[PDB]
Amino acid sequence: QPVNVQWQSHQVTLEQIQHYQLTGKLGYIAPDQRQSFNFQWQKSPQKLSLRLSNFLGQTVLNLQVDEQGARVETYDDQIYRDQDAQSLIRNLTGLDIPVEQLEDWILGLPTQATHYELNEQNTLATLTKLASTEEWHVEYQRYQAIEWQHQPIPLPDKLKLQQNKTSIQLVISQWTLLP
């Protein structure tokens, strides 16, 4: 089996995309709760902001991740801090969102220690990741070509994540790639 040069080159380009915004819908289904959220995801080097709001626009949760750790402002404006964003969100809301892994998956990058399959366009089709006893199955349902430094690059615009009984369906509205 030869190295897939197109896939490896795509990875290097994705690794350049360090400052960006992303908006869309996040559909959450689990045995304990079902939710339909607007999401606003803002990424910069070593930093992440994620706002979830309800279908009427009111804030459900605001997450900030930086070098100090994770900070969540909850729906009722209580403030909580801890070291791991996924664990903190789960303890405060019951929602299981693999925030750390999504920093790679949302762009179409794999994490380390993962299995995956490519599509015929040499980008991710499906991926599996065993993380903290959760076996995540990720499906890249659709890509959209987005301009990056004057070149069209495929980025996910429909992505589904599932582990156990929990599924997260992301549907993208707008990628905004920043200098």
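Start at 1 and count along the sequence shown; that's the residue number.
The PDB entry reports B-factors from which the mean C-alpha value can be compared for 40-48 and 135-143; the larger average falls on 40-48. Checked against the record, the higher mean CA B factor of 110-118 and 66-74 lies with 66-74. For the set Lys158, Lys165, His19, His10, the maximum C-alpha B-factor listed in the entry falls on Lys165. Among all modelled residues in its chain, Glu103 ranks in the middle third by Cα B-factor. The PDB entry assigns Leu26 a C-alpha temperature factor belonging to the middle third of its chain's modelled residues.
In the deposited entry, the Cα temperature factor of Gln6 sits in the middle third of values across the chain's modelled residues. In this PDB entry, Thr59 carries a Cα temperature factor that places it within the highest third of its chain's modelled residues.
Looking at the C-alpha B-factors along this chain, the one for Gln33 belongs to the highest third.
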